[PDB]
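Novice: Here it is, the structure in full.
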Amino acid sequence: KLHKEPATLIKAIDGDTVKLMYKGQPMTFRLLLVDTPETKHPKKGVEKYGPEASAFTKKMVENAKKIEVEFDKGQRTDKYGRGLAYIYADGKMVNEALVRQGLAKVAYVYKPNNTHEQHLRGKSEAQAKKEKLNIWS
Ligand SMILES: Cc1cn([C@H]2C[C@H](OP(=O)(O)O)[C@@H](COP(=O)(O)O)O2)c(=O)[nH]c1=O
Ligand SMILES: [Ca+2]
């Protein structure tokens, strides 16, 4: 029952937050189930691998032919008005790619928006951990 819908990139902001045109409306999207390191907020500062995660997401969405968003089963926006979705760049989930590279942690799992939680934890993050990649080094 989850389905992918088209969207158009407006601009990548950091590793886990991107602005997209979705159904004619400009919106900020925040990637479900992950957290890339901080690059903007003063209380946190530039966290290690924050710049790298931002560069990674920007490259991925900017070089994509097709961007798709897939909402989960619960809330579609968070308290800041950001769309909560799994985002796909030519069919590759950016959320998963970041976790697989050790550039993001599985975080903020709020049910019922947890459909891909087991794959992201058990496969992608577990593998990044085993390889000691980037945040896991
Ligand atoms: C990913 C995600 C984040 N959030 C909220 C939790 C955090 O709130 P707080 O600002 O109160 O800590 C914040 C983390 O996002 P950032 O990583 O963009 O800061 O966004 C949700 O409410 N739902 C989600 O699914
Ligand atoms: Ca973040």
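We name chains A, B, ... following the order of the structure tokens; residues begin at 1 in each chain, and ligands are numbered from 1 as shown.
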Residues of range 19-120 of chain A within 7 Å of range 4-11 of chain A: nearest atom pair and distance (Å, one decimal) for each, counting only C-alpha atoms, sorted by chain and number, as JSON lines?
Specialist:
```
{"residue": "A:19", "atom": "CA", "partner": "A:11", "partner_atom": "CA", "distance": 5.3}
{"residue": "A:20", "atom": "CA", "partner": "A:9", "partner_atom": "CA", "distance": 4.7}
{"residue": "A:21", "atom": "CA", "partner": "A:8", "partner_atom": "CA", "distance": 5.1}
{"residue": "A:22", "atom": "CA", "partner": "A:7", "partner_atom": "CA", "distance": 4.9}
{"residue": "A:67", "atom": "CA", "partner": "A:7", "partner_atom": "CA", "distance": 5.6}
{"residue": "A:68", "atom": "CA", "partner": "A:6", "partner_atom": "CA", "distance": 4.4}
{"residue": "A:69", "atom": "CA", "partner": "A:5", "partner_atom": "CA", "distance": 5.4}
{"residue": "A:70", "atom": "CA", "partner": "A:4", "partner_atom": "CA", "distance": 4.5}
```
Novice: Residues of chain A that have any atom at most 10 Å from an atom of ligand 2: could you tabulate them with the shortest-distance atom pair and the distance in Å to one decimal, using only C-alpha atoms and all ligand atoms, ordered by chain and increasing number, as a Markdown table?
Specialist:
```
| residue | atom | partner | partner_atom_place_in_ligand_line | distance |
| --- | --- | --- | --- | --- |
| A:14 | CA | ligand 2 | 1 (Ca) | 7.8 |
| A:15 | CA | ligand 2 | 1 (Ca) | 6.9 |
| A:16 | CA | ligand 2 | 1 (Ca) | 5.7 |
| A:17 | CA | ligand 2 | 1 (Ca) | 7.5 |
| A:30 | CA | ligand 2 | 1 (Ca) | 8.5 |
| A:31 | CA | ligand 2 | 1 (Ca) | 9.0 |
| A:34 | CA | ligand 2 | 1 (Ca) | 7.7 |
| A:35 | CA | ligand 2 | 1 (Ca) | 4.4 |
| A:36 | CA | ligand 2 | 1 (Ca) | 4.4 |
| A:37 | CA | ligand 2 | 1 (Ca) | 5.2 |
| A:38 | CA | ligand 2 | 1 (Ca) | 5.2 |
| A:39 | CA | ligand 2 | 1 (Ca) | 8.1 |
| A:40 | CA | ligand 2 | 1 (Ca) | 9.2 |
| A:41 | CA | ligand 2 | 1 (Ca) | 9.6 |
| A:47 | CA | ligand 2 | 1 (Ca) | 9.7 |
| A:50 | CA | ligand 2 | 1 (Ca) | 8.3 |
| A:53 | CA | ligand 2 | 1 (Ca) | 9.6 |
| A:54 | CA | ligand 2 | 1 (Ca) | 9.8 |
| A:104 | CA | ligand 2 | 1 (Ca) | 8.3 |
| A:105 | CA | ligand 2 | 1 (Ca) | 9.4 |
| A:107 | CA | ligand 2 | 1 (Ca) | 9.4 |
```
Novice: Which is closest to residue 29 in chain A among A:128, A:84, A:13, A:99, if we use only C-alpha atoms?
Specialist: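 The answer is A:84, which sits nearest to residue 29 in chain A.
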Novice: To one decimal place, how far is CA of residue 62 in chain A from CA of residue 103 in chain A in Å?
Specialist: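 Going from CA of residue 62 in chain A over to CA of residue 103 in chain A, I get 17.8 Å.
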Novice: How would you write, as a ChimeraX atom specification, the set of residues in chain A that DSSP gives as strand (DSSP E or B)?
Specialist: /A:5-12,17-22,25-31,34-35,67-71,77,83-89,92-93,105-106
Novice: Please dump the current selection as a short mmCIF file (atom, residue, chain, number, x, y, z; two decimals), in the first residue's frame; keep N, CA, C and O atoms.
Specialist:
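Below you can see result19.cif, which holds the result:
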```
data_model
loop_
_atom_site.label_atom_id
_atom_site.label_comp_id
_atom_site.auth_asym_id
_atom_site.auth_seq_id
_atom_site.Cartn_x
_atom_site.Cartn_y
_atom_site.Cartn_z
N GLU A 5 5.38 8.56 -5.69
CA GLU A 5 4.77 9.64 -6.43
C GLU A 5 5.88 10.53 -6.97
O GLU A 5 6.86 10.73 -6.26
N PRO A 6 5.81 11.11 -8.16
CA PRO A 6 6.81 12.05 -8.64
C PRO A 6 6.90 13.37 -7.90
O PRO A 6 5.92 13.85 -7.34
N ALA A 7 8.10 13.92 -7.90
CA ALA A 7 8.35 15.24 -7.35
C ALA A 7 9.54 15.79 -8.14
O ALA A 7 10.22 15.09 -8.90
N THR A 8 9.79 17.07 -8.01
CA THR A 8 10.85 17.70 -8.75
C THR A 8 11.79 18.34 -7.76
O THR A 8 11.31 19.00 -6.83
N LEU A 9 13.09 18.18 -7.88
CA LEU A 9 14.00 18.85 -6.97
C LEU A 9 13.99 20.37 -7.13
O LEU A 9 14.04 20.91 -8.24
N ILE A 10 13.86 21.07 -6.02
CA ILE A 10 14.06 22.50 -6.01
C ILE A 10 15.51 22.66 -5.51
O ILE A 10 16.37 23.15 -6.25
N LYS A 11 15.86 22.24 -4.28
CA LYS A 11 17.24 22.31 -3.81
C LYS A 11 17.55 21.43 -2.59
O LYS A 11 16.69 21.22 -1.71
N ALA A 12 18.76 20.89 -2.53
CA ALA A 12 19.13 20.04 -1.42
C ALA A 12 19.58 20.96 -0.31
O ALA A 12 20.28 21.94 -0.61
N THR A 17 17.43 16.78 4.55
CA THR A 17 16.33 17.71 4.31
C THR A 17 16.49 18.28 2.92
O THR A 17 17.57 18.78 2.57
N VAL A 18 15.47 18.18 2.08
CA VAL A 18 15.57 18.62 0.68
C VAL A 18 14.28 19.38 0.33
O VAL A 18 13.24 19.05 0.90
N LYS A 19 14.29 20.41 -0.50
CA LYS A 19 13.05 21.05 -0.90
C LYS A 19 12.66 20.51 -2.27
O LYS A 19 13.47 20.45 -3.22
N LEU A 20 11.41 20.13 -2.36
CA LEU A 20 10.88 19.54 -3.57
C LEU A 20 9.59 20.21 -3.94
O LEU A 20 8.91 20.82 -3.11
N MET A 21 9.28 20.18 -5.22
CA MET A 21 8.01 20.62 -5.73
C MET A 21 7.19 19.34 -5.73
O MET A 21 7.56 18.37 -6.41
N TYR A 22 6.11 19.32 -4.97
CA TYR A 22 5.29 18.13 -4.88
C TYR A 22 3.87 18.60 -5.14
O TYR A 22 3.35 19.47 -4.44
N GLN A 25 3.21 22.25 -5.37
CA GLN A 25 3.50 22.99 -4.15
C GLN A 25 4.97 22.86 -3.72
O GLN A 25 5.44 21.73 -3.56
N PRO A 26 5.75 23.94 -3.55
CA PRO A 26 7.06 23.88 -2.89
C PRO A 26 6.94 23.43 -1.44
O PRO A 26 6.10 23.94 -0.69
N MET A 27 7.71 22.43 -1.05
CA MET A 27 7.68 21.88 0.29
C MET A 27 9.07 21.42 0.70
O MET A 27 9.86 20.94 -0.11
N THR A 28 9.33 21.49 1.99
CA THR A 28 10.56 20.95 2.55
C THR A 28 10.22 19.51 2.90
O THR A 28 9.14 19.25 3.44
N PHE A 29 11.09 18.55 2.56
CA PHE A 29 10.94 17.16 2.95
C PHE A 29 12.09 16.78 3.86
O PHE A 29 13.22 17.19 3.66
N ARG A 30 11.80 15.98 4.86
CA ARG A 30 12.77 15.46 5.79
C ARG A 30 12.66 13.94 5.62
O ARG A 30 11.58 13.33 5.57
N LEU A 31 13.81 13.31 5.42
CA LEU A 31 13.87 11.89 5.14
C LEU A 31 13.38 11.08 6.33
O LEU A 31 13.86 11.28 7.44
N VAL A 34 15.89 8.45 9.38
CA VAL A 34 17.33 8.62 9.39
C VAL A 34 17.65 9.95 10.03
O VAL A 34 16.78 10.80 10.19
N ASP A 35 18.91 10.09 10.41
CA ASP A 35 19.42 11.37 10.81
C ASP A 35 20.81 11.56 10.28
O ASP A 35 21.71 10.77 10.60
N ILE A 67 12.93 12.00 -9.50
CA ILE A 67 12.81 11.99 -8.06
C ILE A 67 11.39 11.47 -7.75
O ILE A 67 10.40 11.84 -8.42
N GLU A 68 11.29 10.57 -6.76
CA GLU A 68 10.01 10.10 -6.27
C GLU A 68 9.95 10.18 -4.75
O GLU A 68 10.98 10.01 -4.10
N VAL A 69 8.79 10.49 -4.18
CA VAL A 69 8.62 10.48 -2.74
C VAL A 69 7.62 9.36 -2.46
O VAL A 69 6.73 9.04 -3.26
N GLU A 70 7.80 8.70 -1.34
CA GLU A 70 6.88 7.67 -0.89
C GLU A 70 6.55 7.98 0.57
O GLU A 70 7.43 7.88 1.45
N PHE A 71 5.33 8.42 0.83
CA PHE A 71 4.90 8.65 2.19
C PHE A 71 4.73 7.33 2.91
O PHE A 71 4.58 6.29 2.25
N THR A 77 3.49 14.96 7.54
CA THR A 77 4.37 16.10 7.79
C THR A 77 4.78 16.03 9.25
O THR A 77 4.09 15.40 10.05
N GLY A 83 7.45 17.58 4.94
CA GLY A 83 6.91 16.32 4.48
C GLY A 83 7.83 15.22 4.96
O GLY A 83 9.05 15.35 4.92
N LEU A 84 7.28 14.13 5.44
CA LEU A 84 8.03 13.00 5.92
C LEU A 84 7.91 11.91 4.87
O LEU A 84 6.83 11.34 4.68
N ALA A 85 8.99 11.57 4.19
CA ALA A 85 8.91 10.55 3.16
C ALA A 85 10.21 9.77 2.96
O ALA A 85 11.28 10.10 3.51
N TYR A 86 10.08 8.67 2.23
CA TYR A 86 11.23 7.95 1.71
C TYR A 86 11.44 8.62 0.34
O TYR A 86 10.47 8.83 -0.39
N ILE A 87 12.64 9.04 -0.01
CA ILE A 87 12.84 9.75 -1.26
C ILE A 87 13.71 8.86 -2.13
O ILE A 87 14.70 8.31 -1.64
N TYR A 88 13.35 8.73 -3.41
CA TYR A 88 14.02 7.86 -4.37
C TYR A 88 14.63 8.68 -5.48
O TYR A 88 13.94 9.53 -6.03
N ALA A 89 15.88 8.43 -5.82
CA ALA A 89 16.57 9.10 -6.89
C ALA A 89 16.86 7.97 -7.85
O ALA A 89 17.61 7.05 -7.55
N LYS A 92 16.59 4.56 -6.45
CA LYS A 92 17.40 4.25 -5.29
C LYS A 92 16.96 5.13 -4.12
O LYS A 92 16.92 6.35 -4.27
N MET A 93 16.61 4.56 -2.96
CA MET A 93 16.20 5.34 -1.81
C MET A 93 17.41 6.07 -1.23
O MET A 93 18.42 5.48 -0.84
N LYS A 105 22.35 7.72 10.58
CA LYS A 105 21.91 6.72 11.54
C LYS A 105 20.41 6.53 11.40
O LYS A 105 19.73 7.50 11.06
N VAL A 106 19.87 5.35 11.70
CA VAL A 106 18.45 5.12 11.73
C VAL A 106 18.07 5.83 13.02
O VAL A 106 18.71 5.60 14.06
#
```
Novice: What lies within 12 Å of residue 118 in chain A using only C-alpha atoms, ignoring chain neighbours under 4 positions off, as a PyMOL selection string?
Specialist: chain A and resi 33+96+106+109+113-114+122-126
Novice: A:119, A:136, A:101, A:127: which is nearest residue 52 in chain A, counting only C-alpha atoms?
Specialist: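 Nearest candidate to residue 52 in chain A out of A:119, A:136, A:101, A:127: A:101.
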Novice: If DSSP is run on the backbone, what residues of chain A are alpha helix (DSSP H)? A reply as an NGL selection string would be ideal.
Specialist: :A and (50-62 or 94-100 or 117-118 or 126-130)
Novice: With distances taken over only C-alpha atoms, which of A:120, A:1, A:24, A:32 is nearest to residue 76 in chain A?
Specialist: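 Looking only at the distances to residue 76 in chain A, the closest residue turns out to be A:32.
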Novice: What gap, in Å, lies between CA of residue 115 in chain A and CA of residue 72 in chain A?
Specialist: 6.8 Å
